[PDB]
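Colleague: Protein chains in written order, with the working numbering: chain A, 1 to 994; chain B, 1 to 303; chain C, 1 to 34. The C-beta atom is built at its ideal place from N, Cα and C for all residues, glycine as well. Below is one structure. I have some questions about it.
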Ligand SMILES: CCCCCCCCCCCCCCCCCC(=O)OC[C@H](COP(=O)([O-])OCC[N+](C)(C)C)OC(=O)CCCCCCCCCCCCCCCCC
Ligand SMILES: CCCCCCCCCCCCCCCCCC(=O)OC[C@H](COP(=O)([O-])OCC[N+](C)(C)C)OC(=O)CCCCCCCCCCCCCCCCC
Ligand SMILES: CCCCCCCCCCCCCCCCCC(=O)OC[C@H](COP(=O)([O-])OCC[N+](C)(C)C)OC(=O)CCCCCCCCCCCCCCCCC
Ligand SMILES: CCCCCCCCCCCCCCCCCC(=O)OC[C@H](COP(=O)([O-])OCC[N+](C)(C)C)OC(=O)CCCCCCCCCCCCCCCCC
Ligand SMILES: CCCCCCCCCCCCCCCCCC(=O)OC[C@H](COP(=O)([O-])OCC[N+](C)(C)C)OC(=O)CCCCCCCCCCCCCCCCC
Ligand SMILES: CC(C)CCC[C@@H](C)[C@H]1CC[C@H]2[C@@H]3CC=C4C[C@@H](O)CC[C@]4(C)[C@H]3CC[C@]12C
Ligand SMILES: CC(C)CCC[C@@H](C)[C@H]1CC[C@H]2[C@@H]3CC=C4C[C@@H](O)CC[C@]4(C)[C@H]3CC[C@]12C
Ligand SMILES: CC(C)CCC[C@@H](C)[C@H]1CC[C@H]2[C@@H]3CC=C4C[C@@H](O)CC[C@]4(C)[C@H]3CC[C@]12C
Ligand SMILES: Nc1ncnc2c1ncn2[C@@H]1O[C@H](COP(=O)(O)OP(=O)(O)O)[C@@H](O)[C@H]1O
Ligand code: ALF
Ligand SMILES: [Mg+2]
Ligand SMILES: [Mg+2]
Ligand code: NA
Ligand code: NA
Ligand code: NA
Ligand code: NA
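Encoded structure:
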C-alpha cells in the first residue's frame, strides 16, 4: 500500500505526443535546440529552475526546544518543586527559610543560560552549514543552438533539450527524445532504486509508469539520453509534492548512538540514587518536603547537564573548521566516524589523480611513439601520414564522444572547455591539435549505432557509415581496456596491411603496456573492423541490445597512453593517513600496471615491499610457485576477484599490508568495501565517478571529489571536497579524532564529582556523624564545577599524539567504558571525596570535636532540643550553634571540591601527553578555573549567605586543607600518563587508559 | 592486520562462561587478581594519606583548649527537665503524667549528691556565699587535676529533698532547674547600673550572674505565674567562684553552678509561656537561637 | 576591636571578597584577551 494514487491525481503530459507534435508544441528544433535568445526570453518569462524555499522552522520556537532540551526539561521539574515546596513552607511555618526560593531561582536560571547558550551555538552551526547548501551550483547540459554547453540548472527553461549521461542528475521533468541504453534512478519517487530504463517510446498511459519521461530530482544511473524540458521549477512532479524534496532526513551516527546509550544508563543510576536516598532520608527522619528536595538535588548531581551543550559546541567547532577547508559535510556527527577509520579504499582516476590527462605515447606498428606532452607547438613525433596512425586516430576521433562546448572555435585548442570523459577529452584535444577537425571527421563518418562506454564494460563501440572507396560501407570502431580490446582481435594493422595476431606481437603489446603503463600513463586500446558488405547491406538493421554485428575478430590498430599525474596533496595525504594507523587500499577499474605504478608513486605501496609477481620475477621461477605470504603487497586483477570466495578475498585483506585492486567492476568496489567491513573495520571510500556510487554508499563514510565527482557520487557521500583537495581527508580525520577525545575528556571530568556528591550522606548513616555536605552544597558542587569547566573541555585543543596513534576500536574505546568509570569513580572520584572529608574533620576538631568523638552524635547533633551537646573539650553547644559549624563544614567541603576540581579539570585536559607538553592554550578552561573559584570565594564570603543558603565564611586556614589532595590528583595522573607514554601495551595502559 | 583483538563474540553466556579461560565476565584469575590488588594497594595507601594528613592536623590543637571558641561564644541557658518541645505539660494530680520529667531531672542531679563529692583532693570547698573567679592557674598539665568547686543539693531551695530510691519531686506546681553552658576558660560578668534589666537589679552586683524568669516576652502578654528563684546564698543567679572551666582533661568531675525555679503559679488547666534570661556583659542573645543566653519554656499544669 | 575571645570575620570577609573580585575580573580579562 502506498499513496501513488494521491500523486497521479495532478498529472497531465505529452509522453503521448509524437516527435513532430512535441516539436510544434514547444517550438524548439529537436536536434539543434533553441536559440540562446529564445532561452533568455523564456527564462525571464518563467523564472529559474528551482523549487521555492520551504520554511522548516521559525527562530523563537527553536529557542524553546533548546530550552527544554532533554536534560534542560528535568531541570525545570526540580525547579518547579523548589518553588512548589517554598509555597508550602509559608503554610507550615511562620516566615520560614529562603533556601528553596533561591534554589528554584538558580536552577531555572541555569536552564535559561544553558538553553540560550546551546541555542546560539546550534544556531551558529546551522548558519555555517547552510552557507554551503548553495555552493555546488548543480549544472545541466543543454544543447542550445546546435552546440552544447553546461549552465546552471537554474538557467534551464521549458522547451530546450537536455542531455543526461551516466551519473547525471536529471535537471527538470523531461520527455526523452533519444537514448542509447539509458537507465534512471526512480528511487526518490517510487521507492525501489532498481535502474529503470528510459527509451523515447511511449510505454504506459500513466506518466509515471512510462519510460520516455525522466523526472526532476531523480538521476540517471548510466547510459545516455536527450530529453526536452516539459516542467521547470515548482511545476515539476517533484516540486508539486509538498513534503521535503531537499532538507530533513534520516540516519543515526555511531557517536550519537554511543552518547544516547550512555545518557540512558547514567540517567538511570542517577534516578536510582535519588529515590533510594529519598526513602533513606525519610527513614532517617528527614522532613517530607526536604526529602524530595534532597532527591531532586541528587538527581541533578548525577546527571551531566553539560554533555549536550558540550556536544553542541564540539560540532559548532568542527563545522567551522571543515568550512575553512572547503569540505561540505552533510552530517556533523559523521566527522567523528571519519576519525574511527581504519581503512581507506580509494579510487584512482580523478581522485588520487588530477583527472587532467594529456596524450603522451602511442603504440602502433610494433613501435612506441612519443607525442609532445606539454606546450606541444607541433604534432607528435612521427609522420602524420602513416596508414596505421591514420586508422588509429580515426577511431580515437570516431569512437570518441567528447566535444568542445559552445562558442570556442575562435580560441586555441588547449584553451577551450570540453564535455565528456577526461580520457576522451585528451583524445579529442590531441588529434584536434595535430591532425584534423574531429568535428569534420565525425560528420564525414555519420554514426549509425553505438554502445557508449561504461565502467563495467570497459569499452566503447560505434558503427559508422564509411564514405571511402576501399570502404566496405560500414566501419566498426571500438576502444577500451587494452587487454580486453586485444583479446577481441584476430588481426593487427601493420604499415596499413592487416595480418594475423601472432604470439610475438602479443608479447610486444605486453612489453608496451609494461613500458608505457609503468610510467603511470593511462592506456587505451584501439581497434576497428571493416564490416563486410555481403553480410551487411546498405539499409542494415544493426541491433545493439542483441548485438547484430561482430564483437570478436576485430583488427587491433594501436595503443594510446595519456599522462594523468597524482593530485598534488595525495602522497603526504596517504602518508599522514597510514602514519595514523589507517590502511590505504587502492580500488580501481584501471589496468594493474597503471595502478601499481600510481600506487607506488603516491605511496599506497612502498618500494621495498614485493608482490608475488615481483618475488617470482626475481628468482626466475613460476609466479604460481611463490608462497603468497612472502608478499606484503599485492595487485589483484578483478578478473581474478571474480573467482574469489569471501574467505579468499578476506585472506588477501587480512594478510596484506598494501593492497591494490585492479580492473574492478563497480560492484567489486562494493565487495571489497564489504570485505573490509566484515573484518570489523570502519572504512572510508573516496570516490569521484559514478562507478564509485555503490561503494560510497556502503562505506562507513563516503567522500566525493567536489569537482571531478559526479552528481550521483557526490549525492552518495557524506563529504564533498569542494576544492577537490584530497588532503582535506586528513584535516577531517584529525578533527574527527578530536571530537572523540574532547567528548570523552568531558565525560571523565563531569563524573568525578558524583562520588563526593553522594558519599557524605552515605557516611552520615554509616558512622552516624554530622552531615559533612548537604543538598544546598551539592547543587553548588554540580552547577559550579560540573558546568562551565565541563564545556570548557570542548574548546580544548588537540593533543599531539592523535595522528600518530592507531584508530580507535569501535568495540573497545566506547565513549564511556569500564576504564572511564574506573577513574572518575574508583580513582579520581575517591580522592576528591577524601579531600572534602579531611577538611570536614579539621573544621570540627578545630572547633572542638575531634573525629573520634564524632561517632554517634548524628541523632542528637541533628536533634533540635538537646542544647547540651558536649564536645571533646567538654564544652556545651546549643542547636543552632553547632549547626553553624556543621554548615560551615558544608561550605568548606564544597570549596574543597572546587580546589580538587582544578587538578581534575587539568588532568582531564590530556589523555596521554603531560600537561606541560599540552600547555594551557585553552583560555576557556582558564576562564572556567577563575570564575569557578571566584564563585566559591563569593558563596562563603558574601553577607546573608548563611541566612539564605546556610553558607558561612571560612577562616584562611581552611582553603589549603584540600591543596594536598589537589596536588595528589595532578601527580598521580601525570605519572600515570607518563608510564603509558613509556610503556605501550603495558599493564598501566591496558587498564587505566580510558 | 593479523593482530587478534576486539569483541566479535556471540555468546551472552559469557556473562559467567569460562570454559575457554576468562571468567565471571571478567578476565582471568591472573588479571582478575592483579587489578583487585591494585585497588587494594591504592585505596589501602590512599586511606594511609587521609590518616597521615589527619594526624598532622591533630598536633595543631592542644588537648587542653579548643583552637576556636567563637562559635560557642556567648553561652546559652538550659534547663534539666528534658523539654519535649520546650514544653513541660502534665496532669499535676496524676503521678504518671510527669514521671518522665522526674527521671530526667533526677538522673542529672545524681552527679551533685553529697555522697558523690566525697574526697577532698578532687573536691574543694568554695564558700557558702558567691565569690570571685577561683582561677586554678594556666590551662595546662602543669598543675594536675585542678580542684572542683563543690555544689550542694541544699542550695537549690525546695528542689532537693531526701527520699529513698527516686527523688520526691514537684507534682503540684513544678520545679524547673536552670543551668549555664560550660565554656572552657569562661568568666561571667554581672551587670552594672548602665545596661540594666527588665527587672530591678536584685543584689550581688559583685559575684552573682542574675537569672530572671518572666512571662512571654515583655510586651502585652498573659502574665499568669508565681516565680520563686532558689539558689546558693539565696541569690537569683550564678556564683562566679566556680569559673573558669578548665576542660574534661583537667576537671573530669567538674560540677557546674545550678539554680532552680520552682514555679508555683495561681493558674492551673492552661499553657503559659515563660522566658528566662541571664543578664550581663559576658552574656549575649540571638533572635534565631532561642537558647542563647535565654530561654523559652512553655508549661501546662492541666489537672 | 579586640576584647576577650572571638574571631574577626570583618577582614576575613572583606579579604575574600577582594579575592573574588580578582578571580572574577582576571577570569574575564583572559577570556577577552585582545
Ligand atoms: C548557587 C549556584 C550558582 C551557580 C551559577 C552558574 C551559572 C552557569 C550556567 C551555565 C553557563 C554555560 C556557558 C558555557 C560557556 C561558554 C564559553 C564561550 O566561550 O562563550 C562564547 C561563545 C561565542 O562563540 P565562540 O565560543 O565560538 O567564540 C569565543 C571567542 N572568545 C575566545 C573571544 C570568547 O558564546 C557566547 O557568546 C554565549 C554566551 C553565554 C555565556 C554564559 C555566561 C555565564 C554566566 C555566569 C557563570 C559564572 C561566571 C560569572 C561571569 C559572567 C561573565 C562571563
Ligand atoms: C533503598 C535502596 C538502597 C540504597 C543504596 C544505594 C547504593 C547503590 C550503588 C550503585 C549501584 C549501581 C550499579 C552500577 C551500574 C552499572 C550498569 C552498566 O551499565 O553496566 C553494563 C555493562 C554491559 O556492557 P555491554 O552491554 O557492552 O555487554 C558486554 C558483554 N558482551 C561483550 C558479551 C556483549 O556491564 C559490564 O560489563 C560491567 C560489569 C560490572 C560488574 C558488576 C555490576 C553490578 C554489581 C553492583 C551493583 C549492586 C546493586 C546495589 C543496589 C542495592 C539496592 C538495595
Ligand atoms: C549503601 C552502599 C553504598 C555504595 C556506593 C557505591 C557507588 C558507586 C556507583 C556505581 C558506579 C557505576 C556507575 C555507572 C556509569 C555508567 C556508564 C556507562 O556508560 O556504562 C557503559 C560501560 C561500558 O564499558 P565497557 O564497554 O568497557 O564494558 C564491557 C566490556 N567488557 C566486555 C570487557 C566487560 O559500563 C560500565 O563500565 C559500568 C560500570 C560497572 C562497574 C561496577 C561497579 C560496582 C558498584 C558498586 C559496588 C556494589 C555493591 C554491592 C553490594 C550491596 C550491599 C550493600
Ligand atoms: C619540587 C617543587 C616544590 C616546591 C618548592 C618548595 C617550597 C617550600 C616548601 C613549603 C612552603 C611552605 C608551606 C609549608 C608550611 C606548612 C603550613 C602549616 O603548618 O599549616 C598549619 C598552620 C597552623 O598553625 P598554628 O598551629 O599556629 O594554628 C593557628 C593558626 N591559625 C589561627 C591561623 C589557625 O596553618 C596556618 O596558619 C597556615 C595558613 C596561612 C595562610 C596562607 C598560607 C600561604 C603560604 C604558602 C606559600 C608557599 C611558598 C611560595 C610563595 C608563593 C607566592 C605566589
Ligand atoms: C610542594 C610540591 C609542589 C610540586 C609542584 C611541581 C609540579 C609537578 C609535581 C609532580 C611531579 C611530576 C612532574 C612530571 C611531569 C612529566 C613531564 C614529561 O613528560 O617530560 C617531558 C616533556 C616533553 O618533552 P617532548 O616534547 O620532547 O616529548 C617527549 C615525551 N616523552 C619523553 C614522554 C617520550 O618535557 C617538557 O616539556 C618539560 C616540562 C616538564 C618538567 C617538569 C616541571 C616540574 C615538575 C616536577 C617537580 C616536582 C618534583 C618531583 C617529585 C614529586 C613528589 C612530591
Ligand atoms: C561510597 C563508597 C563506599 C563507594 C565505594 C565504591 C568502590 C568500591 C567502587 C567505585 C568504582 C568501582 C570500580 C569501578 C570499575 C571497575 C572495573 C571493573 O573491571 C572491576 C571493578 C572496578 C574496579 C570497580 C571496583 C569498585 C569500585 C572501586
Ligand atoms: C611534598 C609533600 C610531602 C609535602 C606534604 C605537606 C602536607 C603534609 C601539608 C600540605 C598542606 C598541609 C595542610 C595545610 C593546611 C592545614 C589546616 C590546618 O588547620 C591544619 C593542618 C593542615 C591540614 C595542613 C597539614 C599538612 C599539610 C597537609
Ligand atoms: C597554584 C594555584 C592553583 C594556587 C591557587 C591559590 C589560591 C587558591 C589561593 C592563594 C591565596 C588564597 C587566599 C589567601 C587568603 C585569603 C583570605 C581569606 O580570608 C579568604 C581566602 C583567601 C582569599 C584566600 C583564597 C585562595 C587563595 C587565593
Ligand atoms: N570513454 C571511454 N571509452 C572507452 N574506454 C574507456 C573510457 N574511459 C575509460 N575506459 C577504459 O575502461 C577502463 C574502466 O574505467 P573505470 O572502470 O571507470 O576505471 P577508471 O576510471 O579508473 O579507468 C579504463 O581503465 C579504461 O582503460
Ligand atoms: F577513477 Al577509478 F576506477 F580509478 F573510477
Ligand atoms: Mg573514478
Ligand atoms: Mg571513469
Ligand atoms: Na550532574
Ligand atoms: Na554509510
Ligand atoms: Na568533576
Ligand atoms: Na556530578
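For ligand 8, I want to know if residue 848 of chain A counts as a neighbour, meaning its beta carbon is within less than 7 angstroms of at least one of the ligand's heavy atoms.
Modeller: If you number the first chain from 1, residue 848 of chain A lands on position 848. Residue 848 of chain A: no, Cβ never under 7 angstroms from ligand 8.
Colleague: Are the C-beta atoms of residue 19 of chain C and some chain A residue less than 8 angstroms apart?
Modeller: Within the third chain, the letter at position 19 stands for residue 19 of chain C. Chain A contact via Cβ: present.
Colleague: Does the structure place the stretch 121-134 of chain A close enough to the stretch 151-165 of chain A that three or more beta carbon pairs sit under 8 angstroms?
Modeller: Segments in contact, no.
Colleague: At 4 residues or longer, and completely inside the stretch 525-607 of chain A: list those alpha helix (DSSP H) runs for me, N to C.
Modeller: For the stretch 525-607 of chain A, whole alpha helix (DSSP H) runs of length 4 or above, ordered along the chain, are 570-578, 592-602.
Colleague: Let me have the residue list for ligand 5: C-beta closer than 7 angstroms to any non-hydrogen atom, ordered along the chain.
Modeller: Matched residues: A:914, A:916, A:917, A:967, A:970, A:971, A:974, A:975, A:978, A:981, A:982.
Colleague: With respect to the beta strand (DSSP E) encompassing residue 178 of chain A, which residues constitute its N-terminal and C-terminal limits?
Modeller: The residue labelled residue 178 of chain A in the question sits at position 178 within the first chain. Unbroken beta strand (DSSP E) run through residue 178 of chain A: 173-185.
Colleague: Does the stretch 246-263 of chain B come into contact with the stretch 4-19 of chain C, if we say contact requires no fewer than three beta-carbon pairs (one atom in each stretch) closer than 8 angstroms?
Modeller: Result no; under three Cβ-Cβ pairs closer than 8 angstroms.
Colleague: Taking just the CA atoms, how far does residue 839 of chain A sit from residue 889 of chain A?
Modeller: To locate residue 889 of chain A, count along the first chain from 1; it is residue 889. To locate residue 839 of chain A, count along the first chain from 1; it is residue 839. Each residue's Cα considered, the two are about 8 angstroms apart.
Colleague: Taking CB distances under 8 angstroms as the criterion, tell me whether residue 107 of chain C reaches chain A.
Modeller: Beyond the ends of chain C as shown, which are 1 and 34, falls residue 107 of chain C; an answer cannot be given.
Colleague: Kindly identify the DSSP beta-bridge partner or partners of residue 982 of chain A.
Modeller: Mapped onto the first chain, residue 982 of chain A falls at position 982. None; residue 982 of chain A has no bridge partner.
Colleague: Taking 8 angstroms as the CB-CB cut-off, is residue 99 of chain A touching chain B?
Modeller: Numbered from its first residue, the first chain carries residue 99 of chain A at position 99. So no, residue 99 of chain A is outside the interface.
Colleague: Report the rounded CA-to-CA distance for residue 481 of chain A versus residue 237 of chain A, giving the unit in angstroms.
Modeller: Translated into the one-based positions of the first chain, residue 481 of chain A becomes position 481. Translated into the one-based positions of the first chain, residue 237 of chain A becomes position 237. Approximately 41 angstroms, taken between the alpha carbons.
Colleague: Considering only the alpha carbon of each residue, which of A:390, A:946, A:876 lies closest to residue 102 of chain A?
Modeller: Within the first chain, residue 102 of chain A is the residue found at index 102, counting from 1. Ranking the options by Cα distance to residue 102 of chain A, first place goes to A:946.
Colleague: Which stretch, first to last residue, makes up the beta strand (DSSP E) that contains residue 89 of chain B?
Modeller: As a first step, residue 89 of chain B is located in the second chain; it is residue number 89 there, counting from the start. Element bounds for residue 89 of chain B: 87-89.
Colleague: Is the Cβ of residue 825 of chain A closer than 8 angstroms to any Cβ of chain B?
Modeller: Numbered from its first residue, the first chain carries residue 825 of chain A at position 825. Judged by the 8 angstroms Cβ criterion, residue 825 of chain A is not in contact with chain B.
Colleague: Only counting the same chain, and skipping five residues up and downstream in sequence, which positions put a Cβ closer than 8 angstroms to that of residue 106 of chain B?
Modeller: Sequence index remark: in the second chain, residue 106 of chain B carries index 106 (1-based). Correct list, in chain order: 166, 167, 169.
Colleague: Given residue 275 of chain A, which residues of its chain have a CB within under 8 angstroms of its CB, disregarding the five upstream and five downstream residues?
Modeller: Working through the first chain from its first residue, we reach residue 275 of chain A at position 275. So the list reads 295, once near-sequence residues are dropped.
Colleague: Against chain C, which members of the stretch 59-71 of chain B pass a CB distance test of less than 9 angstroms?
Modeller: Listed in sequence order: 68, 69, 70, 71.
Colleague: Which partner residues of residue 278 of chain B appear in the DSSP bridge assignment?
Modeller: Reading the second chain from its first residue, position 278 is the one you call residue 278 of chain B. DSSP output for residue 278 of chain B lists B:211 as bridge partner(s).
Colleague: Residue 2 of chain C versus chain A: which residues are under 9 angstroms apart at the beta carbon?
Modeller: As a first step, residue 2 of chain C must be located in the third chain, where it is residue number 2. Per Cβ cutoff of 9 angstroms: no residues; residue 2 of chain C is ~17 angstroms from chain A at best.
Colleague: With a 10 Å radius around its C-beta and 16 neighbouring C-beta atoms as the bar for buried, classify residue 643 of chain A as buried or exposed.
Modeller: Position 643 of the first chain holds residue 643 of chain A. Its Cβ having fewer than 16 others within 10 Å, residue 643 of chain A is exposed.
Colleague: Apply the 10 Å Cβ neighbour rule to residue 192 of chain B and answer buried if 16 or more other Cβ atoms are within range, or exposed otherwise.
Modeller: For the purposes of this step, residue 192 of chain B is taken as residue 192 along the second chain, with counting starting at 1. When all chains shown are included, residue 192 of chain B counts as exposed.
Colleague: Under 8 angstroms: do the stretch 15-30 of chain B and the stretch 822-838 of chain A share three or more Cβ pairs, one atom per stretch?
Modeller: The answer is no - the stretch 822-838 of chain A does not touch the stretch 15-30 of chain B, with fewer than three Cβ pairs under 8 angstroms.
Colleague: Once you ignore the five residues that flank residue 599 of chain A on each side, which residues in its own chain have a CB closer than 6 angstroms to its CB?
Modeller: Within the first chain, residue 599 of chain A is the residue found at index 599, counting from 1. Only 586, 605, 660 meet the Cβ criterion.
Colleague: Once DSSP output is grouped into helix, strand and coil, what is the label at residue 333 of chain A?
Modeller: As a working note, residue 333 of chain A is residue 333 in the first chain. Of the three classes helix, strand and coil, the one that applies to residue 333 of chain A here is coil, per DSSP.
Colleague: How about residue 786 of chain A: is its Cβ closer than 7 angstroms to a heavy atom in ligand 13?
Modeller: Counting from 1 along the first chain, the entry for residue 786 of chain A is found at position 786. Yes, the beta carbon of residue 786 of chain A sits closer than 7 angstroms to at least one heavy atom of ligand 13.
Colleague: Leaving out five residues on either side along the sequence, give the residues of the same chain with a beta carbon under 7 angstroms from the beta carbon of residue 970 of chain A.
Modeller: By 1-based counting over the first chain, the position of residue 970 of chain A is 970. So the list reads 903, 906, 907, once near-sequence residues are dropped.
Colleague: Beta strand (DSSP E) containing residue 239 of chain B: first to last residue?
Modeller: Mapped onto the second chain, residue 239 of chain B falls at position 239. Per DSSP, residue 239 of chain B belongs to the beta strand (DSSP E) from 237-239.
Colleague: By Cβ distance, which residues of its chain are closer than 7 angstroms to residue 576 of chain A, with the 5 residues on each side in sequence left out?
Modeller: Residue numbering aside, residue 576 of chain A sits at position 576 when the first chain is read from its first letter. Excluding positions up to five away in sequence, the list reads 730, 803.
Colleague: Should residue 218 of chain A and residue 189 of chain A be called a contact, given that it needs their Cβ atoms to be closer than 8 angstroms?
Modeller: Here residue 218 of chain A corresponds to residue number 218 of the first chain, with the count starting at 1. Here residue 189 of chain A corresponds to residue number 189 of the first chain, with the count starting at 1. Cβ distance < 8 angstroms, so residue 218 of chain A and residue 189 of chain A count as in contact.
Colleague: Pull up the distance between the alpha-carbon of residue 235 of chain A and that of residue 16 of chain A, whole angstroms please.
Modeller: Position 235 of the first chain holds residue 235 of chain A. Position 16 of the first chain holds residue 16 of chain A. Going from the Cα of residue 235 of chain A to the Cα of residue 16 of chain A covers about 19 angstroms.
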